[PDB]
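Engineer: Submitted below is the structure of interest, expressed as structure tokens.
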Amino acid sequence: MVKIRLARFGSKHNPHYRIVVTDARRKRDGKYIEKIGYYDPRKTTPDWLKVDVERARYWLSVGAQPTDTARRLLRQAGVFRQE
Amino acid sequence: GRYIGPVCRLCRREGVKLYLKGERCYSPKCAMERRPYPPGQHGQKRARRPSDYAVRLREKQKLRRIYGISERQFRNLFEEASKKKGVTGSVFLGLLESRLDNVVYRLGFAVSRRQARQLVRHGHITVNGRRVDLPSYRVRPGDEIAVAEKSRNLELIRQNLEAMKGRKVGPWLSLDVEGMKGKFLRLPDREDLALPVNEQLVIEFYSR
Amino acid sequence: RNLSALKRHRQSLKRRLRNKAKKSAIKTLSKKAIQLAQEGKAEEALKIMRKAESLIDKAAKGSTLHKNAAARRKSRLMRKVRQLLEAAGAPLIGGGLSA
Amino acid sequence: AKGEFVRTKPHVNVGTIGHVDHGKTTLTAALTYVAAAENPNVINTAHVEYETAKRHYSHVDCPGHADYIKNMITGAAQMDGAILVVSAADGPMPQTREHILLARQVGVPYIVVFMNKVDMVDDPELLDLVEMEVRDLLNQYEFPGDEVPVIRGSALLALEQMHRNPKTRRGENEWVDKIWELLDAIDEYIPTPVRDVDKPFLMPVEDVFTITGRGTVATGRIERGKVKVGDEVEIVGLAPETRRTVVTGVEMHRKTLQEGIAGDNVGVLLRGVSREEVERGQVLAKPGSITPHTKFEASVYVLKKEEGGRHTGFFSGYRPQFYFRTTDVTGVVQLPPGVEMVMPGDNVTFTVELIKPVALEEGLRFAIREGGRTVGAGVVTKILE
RNA sequence: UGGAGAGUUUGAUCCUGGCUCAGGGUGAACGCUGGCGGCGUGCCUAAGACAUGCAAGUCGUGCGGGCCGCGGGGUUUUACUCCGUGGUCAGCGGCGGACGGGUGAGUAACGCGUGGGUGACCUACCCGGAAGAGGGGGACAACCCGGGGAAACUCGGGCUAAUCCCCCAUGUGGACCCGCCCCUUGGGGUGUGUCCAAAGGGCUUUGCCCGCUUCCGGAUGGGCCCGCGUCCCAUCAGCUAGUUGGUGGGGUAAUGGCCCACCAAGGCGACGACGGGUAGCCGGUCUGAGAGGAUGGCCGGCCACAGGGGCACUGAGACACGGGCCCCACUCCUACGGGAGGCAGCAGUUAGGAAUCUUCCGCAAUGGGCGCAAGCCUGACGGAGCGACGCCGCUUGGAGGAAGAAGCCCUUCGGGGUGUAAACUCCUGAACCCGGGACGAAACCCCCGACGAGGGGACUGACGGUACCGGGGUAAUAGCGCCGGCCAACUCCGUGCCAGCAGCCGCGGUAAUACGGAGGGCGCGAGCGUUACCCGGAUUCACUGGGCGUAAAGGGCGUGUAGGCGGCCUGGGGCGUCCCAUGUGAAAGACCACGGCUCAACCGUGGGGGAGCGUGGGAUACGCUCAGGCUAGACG
RNA sequence: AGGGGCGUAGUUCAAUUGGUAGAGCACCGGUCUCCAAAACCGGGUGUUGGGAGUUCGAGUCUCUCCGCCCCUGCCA
Ligand SMILES: C/C=C\C=C\[C@@H]1O[C@](O)([C@H](CC)C(=O)NC/C=C/C=C(\C)[C@@H](OC)[C@@H](C)[C@@H]2O[C@H](/C=C/C=C/C=C(\C)C(=O)c3c(O)cc[nH]c3=O)[C@H](O)[C@@H]2O)[C@H](O)[C@H](O)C1(C)C
Ligand SMILES: Nc1nc2c(ncn2[C@@H]2O[C@H](COP(=O)(O)OP(=O)(O)O)[C@@H](O)[C@H]2O)c(=O)[nH]1
Ligand SMILES: [Zn+2]
């Protein structure tokens, strides 16, 4: 089913993921359905994570199954936090 | 890598007295003060009328020999200067000047550029705190270059920082003689560098 | 040398044989109905045709004919059958065919 | 479906010799089938093997002939002792001679003469007479002929007893024992030389194979040091230049070896090397250990007629074939101003000019053969080129 | 924000015109030479043949057994061994093996690009909503026993469990025939008549968690159809019987001659049908002032194939790379009756070739499948290795140091050159040495709170004792091409149309800046040359941007088919055309700004272009079209 | 690795009568010319594939090597 995972970009020994709502089957770095954010696992910049608030939620409210370590980031971005 | 070899030999060939030694190339024997003619077995013979090509080739060689850069690197800068906005003439010179190893020489520290290179390469220099050993490092505006602490005692940093008592630096670079510093205030201009080189004639060399 | 793929082949032959039969039934049972629907056997026609129609939606339950494949087979039966009865002979027992 | 090889008992290289059509080739097929009962898992040289109860074995069954010398002579240098075969039907025939005198020239220590074809024409003298002519022939070539384990027995019969039923323990044949007599008495008398595994790697090449699915394999007896998978080596000699690669396979008698030490015919798959790219006369060694050379000076001694050699001498500009290891390359002779008439029995120091580059190295010995006879022998002095 | 030309036809000149060169590029290969690192990248040929090992499994929280170690001995002892609980070998059942990974053989085609259509369709798992889950019967494995067999495995009798199978009911609802209303290709509503549902599993148990069933909608992914676009030969000109249409059927999820009866004679073609050759297409890439030209390797999308060829089964999906059946070729085993396999998966071999890598380490990260979860599997992937194959960075030293050693080379025998070069003196300290030593990893999970939000806690690193930092620390690699002109760089000797050079013009016949060496010089440098191919220069296929009297080029001349082109005034249309809005134009790449690895190369974030084509709205000069009028063309 | 063949001037070929090496094309000097071609004078121009062995002497008869062709060999 549709999901919300991380597609690896950057280069060797320099990971730079792109948080996206692709489709389960797509290859990891294949054609995705929509970019909603990115994540710099080495926080080598005062912005190692950004996410589309309105959008992440949209996809969630329609069947997008967040990846394990993916959700971890959506959460930290304040996706679920309903107050 | 970089040239490495008889240098006043180039001071000669090119016609214009070049400074590739700092101290000597400044005395009564830069060779251009003894044999102001090309090297080799001929050198002092009837110089035929230089072909339009020769002229440019020489002009370009002159410029690139001053900074002791390799043709590869040298070209890239030029090509790089083209794409960028503004007269390629100046821009090129600018970039050329922003070269750390050279910025060092420009601020004292090093008597020559061949020496200035070994300094940057062996550590002794610093950029906004951390140290850079890449001669090709490109210094931007607002950056302060400085000798390393462990270096501040070396027998050379002294003399070379000593002769800097008085001698002012380019209107695009400041200098704290006591606290081995220096800032790249502004990007140097065609004028500021009284170089014995015709840029808009070197730009011609890279066409046909 | 081998794999638990086999578990799928064996499993394959089995259910291949399951709906293989469920299928041929609907067939022999669909003809038997029309084979009468034109004789005039109005009553026992719908009787059988009503049986056939069951077995059809039956296979549809599982991976035999799922959806429309069943719907269609029906339309064509409750079509050919009726189209043969009105070939002289009112529809006796209510049967499946909607009056 | 391959199987590993585990070490414990010492290794040793042997190989039957003797006159053609005597017994060598079959007794070998005998010794093998024999030591395979009490030991579970057992025109061109045939490296084959059998393991007793005290040591591991190689064994070379060289064809032998005034035609296949070259092939033969090689295998000799690679062994620590030969099983000189002799037939009770004929005796010390010419080939038997040739082989011994040759087995001597190529170094080689001790011999274990096996009197095959004993089961034929019963004679009081014959059997006992032979033991004489041999010891007379062995010393006639300065061998310890008056003290060389002389076992007697008929191999042919020994073998045919094995084809009936595989398993056959000690002496269950007044026959299957003279073999156990030679086989047993063989691991005796002929010791175990000093194998130095401290020196840099170097293994001359005997035969080269192209193992389907794996690549080119180079077989030879490691002359010093050791090699395991992942070891870098150099193929030095006979080529444009010395090609370098890494070893990715080492095996003992068709079996996965772990670290093949010095003194053991091991095969080695070489990383990415085509077959026409590796041949004999080459040597696999440690990077930097030894280089390719053409010209050199050597302290050669020229045998006198008496000992085979020439009997007329040779002047400067002579073209013989020099043997370094598994090789035999030709070369011109050009030396000192004078030393011209260098007739038989001299210790001159000339200069060779081989037409094919071979892994020379000051300290290495060699031999010279011209006209079907070892005209001389010596050692590499100083290297010119 | 973007355009350079030169050599060569002549005694000389101008023109025409071909040839050749300087530029950039490449998955390269070959020669000479070769120190370090980072990031890329590496069978272009035989879609040849391939040893071996691995590349796809997972659930006992679906079910019944075998078997091993242990709670307590059913009885009172090892009896009908209940069951306790964690294991393990299959079996049954389920979800995944249709993804991910490889290749470019085929294919000139709705294959692909692009924009649309589907009132002609499907979509497992994932969300949202509705209503349910009540009765009942049965089978086959496994296991016990018997049997044939070399093996792979196979046959027979008989127990048995389920979320396996079947019958009945409930009918929220859905399917089908007919009638009706709306609607318009088969969509939506309604009435009457038939037909159709479902499975229990774990708990911390009138409640949860995981499932099950029928329906509706969302998502995502797809099928089918359509307009326009997509190479060479016309020395290939006519092609067509399921052929083109129809009617009724079969078939499919669905349209369709997709398939089949029967009927009708059509359908296609110089706007290039049919046939032959070649080729996967695209985003892009190289070049180019641009327009173009060339190309389609790595990365991303689509298609096609899985030894050659045909076929169906299971299934939400395959006519299925590590599933099945059959034929064929080839490889191997055989107890000769039948057996086994398919690297265009990773790695490795061999053959072919000018030529293209380790049978490496790890699931730590990202991603996938199954699982409540723990977790298992993952040659996807993250890494390391080999190769100057490429791009970027770095080193082989720095400052002193003679009207200037030697050696070698010239020499008008005074001297000039190599040359500050060396030596020598100081100075720094690539390597190496000792010490410290990561980022990538915070979630699954546990705990407080409701296992929600939020807060807290624990484990986990293949690369690697690597990067990087500190301290110590030795002067420590240089080659290749070229020097007649084009084209930067000249002298001596040898050679004597020889030997040889040569991209073009051309050099060599006894004073050769052209051959070979030397001295010297120029160019570039861990490289430098060579060959091959593409663009450029070549306005030399000329749309931009050419030509035909004599340079190559006017058809031998009429008449005329298709086609192209079309005077003056006015009005309708608004197809071309032009304008505005809007949808599309994926990502990466390119460009620009700023950042992150000490720089750069690489890399991230953001920003701006954009023809095409769909839609709605508008303009009407010109073109077109319709209509009316005109007489300057033309005809009478 | 082992069999069997071939190898003579620059080039095609001679002495299977074992006594130094000979023929045509070709080439090299001389006259001549700027240098050739032509004409005229005059010249064998050889690692008999190498190196050894017999022989008083070897192209020839023996060996052992080199390169090339051809036939078989060859999974640690
Ligand atoms: C000989 C072939 C290859 C050699 C290869 C190399 O040799 C070696 O270099 C070797 C190193 C010393 C070497 O150089 N070998 C090279 C040389 C070595 C020579 C050594 C030892 C001697 O000493 C003088 C030694 C044999 C000596 O001779 C005597 C014999 C005399 C015989 C006379 C002949 C007689 C009666 C006879 O009937 C006879 C005959 O036999 C043949 C033909 N026709 C005849 O009518 C006696 O027996 C002594 O023992 C190494 O061994 C290498 O490792 C190698 C094996 C690779
Ligand atoms: N008389 C006899 N003949 C034997 C014996 N051993 C072997 N043979 C035979 O001798 C012949 C040659 O034997 P082979 O092994 O070929 O000897 P090689 O090959 O010359 O070493 C064959 O026929 C063998 O069977 C034996 O002990 N006695
Ligand atoms: Zn100077």
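Each residue's number is its place along the chain shown, starting with 1.
In case you wondered, yes, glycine gets a Cβ from its N, Cα and C as well.
Swiss-Prot lists these features:
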REGION    D:18-25  region 'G1'
BINDING   D:18-25, D:61-65, D:116-119  GTP binding site
BINDING   D:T25  Mg(2+) binding site
REGION    D:61-64  region 'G3'
REGION    D:116-119  region 'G4'
MOD_RES   D:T374  phosphothreonine
Engineer: D:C62 (GTP binding site) to the residue listed as 'Mg(2+) binding site': how many Å between their Cα atoms?
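Structural biologist: On Cα coordinates alone, these residues lie 8 Å apart.
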Engineer: Which three-state DSSP class does D:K24 (GTP binding site) fall into?
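Structural biologist: Once the DSSP labels are grouped into three classes, D:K24 (GTP binding site) ends up as helix.
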Engineer: In the three-state scheme derived from DSSP, which category covers the residue listed as 'phosphothreonine'?
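Structural biologist: Where the residue listed as 'phosphothreonine' sits, the three-state DSSP reduction gives strand.
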Engineer: Near ligand 2, which of the recorded positions D:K24, D:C62, D:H65, D:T374 are found, taking a Cβ distance under 6 A to any of its atoms?
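Structural biologist: Once distances to ligand 2 are taken from each Cβ, D:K24 fall under 6 Å.
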Engineer: For the region 'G4' (D:116-119), could you work out the same-chain residues 6 or more beyond its ends whose Cβ comes under 8 Å from its Cβ atoms?
Structural biologist: 22-23, 27, 85-89, 127, 152-157, 175, 178
Engineer: Hey, which bits of the same chain come close to the region 'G3' (D:61-64), Cβ under 8 Å, at least six residues off its ends?
Structural biologist: 15-20, 24-25, 28, 43-46, 48, 71-72, 75-76, 95, 99
Engineer: Tell me whether D:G18 (GTP binding site) sits in a helix, a strand or coil according to DSSP.
Structural biologist: strand
Engineer: DSSP-wise, what's the residue breakdown of the region 'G3' (D:61-64) into helix, strand and coil?
Structural biologist: 0 helix, 1 strand, 3 coil
Engineer: Using a 10 Å cut-off on Cβ-Cβ distances across all protein chains shown, tell me which of the binding-site residues (D:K24, D:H65) has the largest neighbour count.
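Structural biologist: Answer by Cβ density within 10 Å: D:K24.
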Engineer: Filter the candidate list D:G18, D:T25, D:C62, D:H65, D:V118, D:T374 of recorded positions, keeping only entries whose CB is under 6 Å from an atom of ligand 1.
Structural biologist: D:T374
Engineer: Check each residue in the chain of D:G18 (GTP binding site) that is at least six apart in sequence and keep those whose C-beta is under 8 Å from its C-beta; list them in sequence order.
Structural biologist: D:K24, D:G64, D:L84, D:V85, D:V86, D:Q95, D:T96, D:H99
Engineer: With helix taken as DSSP H, G or I, strand as E or B and everything else coil, how many residues of the region 'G4' (D:116-119) land in each class?
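Structural biologist: Across the region 'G4' (D:116-119), DSSP assigns the residues as follows: 0 helix, 1 strand, 3 coil.
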Engineer: Which whole-number value in Å describes the distance between the Cα atoms of the residue listed as 'phosphothreonine' and D:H65 (GTP binding site)?
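Structural biologist: Between the alpha carbons of the residue listed as 'phosphothreonine' and D:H65 (GTP binding site) there are 16 Å.
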Engineer: Rounded to a whole angstrom, what is the C-alpha distance between D:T25 (Mg(2+) binding site) and D:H65 (GTP binding site)?
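Structural biologist: Taking the Cα atoms only, D:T25 (Mg(2+) binding site) lies 13 Å from D:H65 (GTP binding site).
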